[PDB]
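Chain and residue survey
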Amino acid sequence: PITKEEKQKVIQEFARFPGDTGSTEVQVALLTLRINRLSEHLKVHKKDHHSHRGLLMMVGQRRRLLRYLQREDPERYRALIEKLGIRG
Amino acid sequence: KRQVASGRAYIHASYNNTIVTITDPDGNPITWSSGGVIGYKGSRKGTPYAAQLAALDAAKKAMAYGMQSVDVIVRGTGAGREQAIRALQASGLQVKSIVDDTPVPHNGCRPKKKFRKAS
Amino acid sequence: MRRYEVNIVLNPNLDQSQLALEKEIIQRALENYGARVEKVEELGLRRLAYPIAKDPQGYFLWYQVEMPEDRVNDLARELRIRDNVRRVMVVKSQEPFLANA
Amino acid sequence: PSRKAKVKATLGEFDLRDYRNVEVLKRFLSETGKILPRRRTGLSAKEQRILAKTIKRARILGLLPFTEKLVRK
RNA sequence: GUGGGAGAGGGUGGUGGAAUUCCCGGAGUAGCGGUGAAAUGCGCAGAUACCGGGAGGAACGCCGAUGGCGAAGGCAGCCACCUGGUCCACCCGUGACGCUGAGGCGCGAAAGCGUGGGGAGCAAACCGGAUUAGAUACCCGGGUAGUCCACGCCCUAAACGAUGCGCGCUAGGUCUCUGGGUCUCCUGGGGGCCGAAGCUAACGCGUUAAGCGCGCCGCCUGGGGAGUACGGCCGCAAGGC
Ligand SMILES: [K+]
Ligand SMILES: [K+]
Ligand SMILES: [K+]
Ligand SMILES: [K+]
Ligand SMILES: [K+]
Ligand SMILES: [K+]
Ligand SMILES: [Mg+2]
Ligand SMILES: [Mg+2]
Ligand SMILES: [Mg+2]
Ligand SMILES: [Mg+2]
Ligand SMILES: [Mg+2]
Ligand SMILES: [Mg+2]
Ligand SMILES: [Mg+2]
Ligand SMILES: [Mg+2]
Ligand SMILES: [Mg+2]
Ligand SMILES: [Mg+2]
Ligand SMILES: [Mg+2]
Ligand SMILES: [Mg+2]
Ligand SMILES: [Mg+2]
Ligand SMILES: [Mg+2]
Ligand SMILES: [Mg+2]
Ligand SMILES: [Mg+2]
Ligand SMILES: [Mg+2]
Ligand SMILES: [Mg+2]
Ligand SMILES: [Mg+2]
Ligand SMILES: [Mg+2]
Ligand SMILES: [Mg+2]
Ligand SMILES: [Mg+2]
Ligand SMILES: [Mg+2]
Ligand SMILES: [Mg+2]
Ligand SMILES: [Mg+2]
Ligand SMILES: [Mg+2]
Ligand SMILES: [Mg+2]
Ligand SMILES: [Mg+2]
Ligand SMILES: [Mg+2]
Ligand SMILES: [Mg+2]
Ligand SMILES: [Mg+2]
Ligand SMILES: [Mg+2]
Ligand SMILES: [Mg+2]
Ligand SMILES: [Mg+2]
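X-ray crystallography is the method the PDB entry states for this structure, with the resolution given as 3.10 Å.

Written out as structure tokens, the structure reads:
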């Protein structure tokens, strides 16, 4: 799974400031963690389609944010991406 | 000849015949009877009366071995199943105790088409 | 690291010598996987509700160890190897849900 | 009509999650080794559901029956 | 975000007991089985009925509920690991980041197809027995594919609430599942029923709308010919759109 510690690390490592828990960055970050944890899971259990549905739903929720982030501050965008190592 | 005077009386009722098997205190059969063992041949074997005769026949056949008391084991829901108990009670043999031990799966094999549906 | 309850039923015909060996082989593997015995309850033996391994009784053990999940299954399967070990039932420890209290 | 007393009321505080208390668990099985209904156990849905689980555990351990023979008849 | 919750939601491995069949041993003997009645069939190479042992496959009694979970298909023994959804409390963070969704892509009961494996029970076809005016049927005795597993296809359905998704608004009563509370009762999420207003051809619907409204998608335009022909796209084929 993912423990508070793990969860907390990434949150901190990404908060735009102390206490920042729900910023576009924090979320995108947190989301990426799940997606990756879940992505690895599916490579092993390829028949667990149900979980896969979640995946598409996260990947899509992530798009929504990044798509937003980029339209508001194309910098924190190229930034958030770079850090997380996303895009293409 | 072997003398036992105490054993099991297994009744096997079904909608098509009744059949009693009497055994030693260890389950080994001493004698048996059924609707066919008695005169009946067609559907009369499943008759409650048939059961009676069949039961009684086996009781006698067992009495011959000194059998005096027996435990009863019921199986199935055939007609003349109680008549089989009833008989064994009045068969001189002392009925120590009745116990229904009909098998029932916890759901295993698909029943014959004739036996399908639930709830 | 999670708390688990490792239930184990043993051959009800082991002499003080045999019981002891098997019983230690248990302690052994527990380590080899990552257990940390927190408490035991060698309830000894009781009359089984049905014959297990052809016996009407069983020697029941118990432990409330703590260990690394990734091993649990792997560990338990090991414990089953022994011939005198007829039952290995591990359960994630839980908060006693009371009732009629 | 499921008359008589309720298996719960007729008992003290117990851990509905303890699959080893053969003495109290045993109380919830019928004459046969069958798990009694809410109508009889006097439990709540949530409780009953936890019972079923624990009872099933005790059965697999050897502590409880899966089915018994009907006496008398 | 934090703290809590219920669940047969999914994947993987492992494991338990009941039953059927088969094989081994004991005991035992003349039938069993089956039907409206029968016969086919099985049994003195010893069956049926009973006890002990072993093997194997498939499915999970009671719990079980008008219950729960899931987007649908669908999901029920127990344990572990891996994993999705969702609900509540606190008002902590972001600051409209929202809704819908042509095409695409993924999923998608059963039967069916390919390759390998498995095969207890069941059972299309088929082989018999009955029945009947006949009986390519219903009933009975058999039995192959298949039903099971892996992997890849197939993409349908009374795939149904025959009711697209989201949001706001408009009496209540009552039972229920699952949270929170100052725990009659209050508040939130879900499942039922009856019903205010209203709606509806009628039946009915009625805070889980079929009411009052807005957004977006899909679909309809008399019956037969026809889900056919042709073209295309897909599929190994059956065949699908
Ligand atoms: K209680
Ligand atoms: K004959
Ligand atoms: K979860
Ligand atoms: K074939
Ligand atoms: K009306
Ligand atoms: K065509
Ligand atoms: Mg939380
Ligand atoms: Mg489940
Ligand atoms: Mg034999
Ligand atoms: Mg012999
Ligand atoms: Mg012959
Ligand atoms: Mg001869
Ligand atoms: Mg047989
Ligand atoms: Mg085999
Ligand atoms: Mg639904
Ligand atoms: Mg359905
Ligand atoms: Mg705030
Ligand atoms: Mg601000
Ligand atoms: Mg959409
Ligand atoms: Mg399909
Ligand atoms: Mg199939
Ligand atoms: Mg195939
Ligand atoms: Mg094959
Ligand atoms: Mg058959
Ligand atoms: Mg003819
Ligand atoms: Mg047939
Ligand atoms: Mg497949
Ligand atoms: Mg329906
Ligand atoms: Mg209501
Ligand atoms: Mg409600
Ligand atoms: Mg409610
Ligand atoms: Mg419902
Ligand atoms: Mg109504
Ligand atoms: Mg009105
Ligand atoms: Mg509405
Ligand atoms: Mg159309
Ligand atoms: Mg026309
Ligand atoms: Mg026309
Ligand atoms: Mg037309
Ligand atoms: Mg068609």
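In this structure, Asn 100 of chain C (N) and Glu 47 of chain D (OE) serve as the protein donors to the potassium ion (ligand 1), at separations of 2.7 to 2.9 Å. In this pair, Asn 100 of chain C sits in the segment after β5 (85-92) while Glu 47 of chain D sits in helix α3 (residues 45-61), so the two residues belong to two different chains.

Right, let's get into the interface of chain C and chain D. Chain C puts 23 residues into the contact, and the matching count from chain D is 25 residues. Carbon and sulfur atoms supply 56% of the area buried between chain C and chain D, which totals about 2100 Å² over both sides. Looking only at chain C, the three residues that lose the most surface to chain D are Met 89, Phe 97 and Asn 100 of chain C, adding up to 33% of its buried area. Where chain C touches chain D, the interface holds 2 salt bridges. With a shortest N-O distance of 3.6 Å, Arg 46 of chain C and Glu 23 of chain D are connected by a salt bridge. Those elements that place two or more of their residues in the side of chain C that touches chain D are β1 (2-10), β2 (44-52) and β5 of chain C. With 5 residues, the top contributor of residues to the side of chain C that touches chain D is β2 of chain C. Of the residues contributing to the side of chain C that touches chain D, the split by class is 15 nonpolar, 3 polar and 5 charged.

Residue and element names in this part refer to chain A. Taken N-terminus to C-terminus, the directions of helix α1 (residues 4-14) and helix α2 (residues 24-44) make an angle of 140°; their axes are 8 Å apart at the nearest point. Comparing the axis directions of α1 and α2 gives the class oblique. The element α1 and its partner α2 pack so that their crossing is right-handed. Touching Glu 6, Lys 7, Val 10, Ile 11 and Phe 14 of α1 are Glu 25, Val 26, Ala 29, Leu 30, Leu 33 and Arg 37, all from α2. For the contact of α1 with α2, the residue count by class is 7 nonpolar, no polar and 4 charged.

Quick notes on the rules
Residues numbered from 1 in each chain as written, not as in the entry; some residues may be left out. Chains lettered and ligands numbered in written order. Part of a larger assembly, values for the part shown. Heavy atoms only, no water. Donors = N, O, S within 2.8 Å, 3.2 Å for Na, K, Ca; no water. Helix = DSSP H or I, 4+ residues; strand = E, 2+ residues; numbered from the N terminus. Contact = heavy atoms within 4.5 Å. Buried area = accessible area lost by both parts, 1.4 Å probe. Salt bridge = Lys/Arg side-chain N within 4 Å of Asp/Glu carboxyl O. Nonpolar A, V, L, I, M, F, W, Y, C, P; charged D, E, K, R; others polar. Axes fitted to C-alpha atoms, helices over the stretch in contact; angles between N-to-C directions. Parallel < 35°, antiparallel > 145°, perpendicular 65-115°, else oblique. Left-handed = near helix turned anticlockwise from the far one by under 90°.

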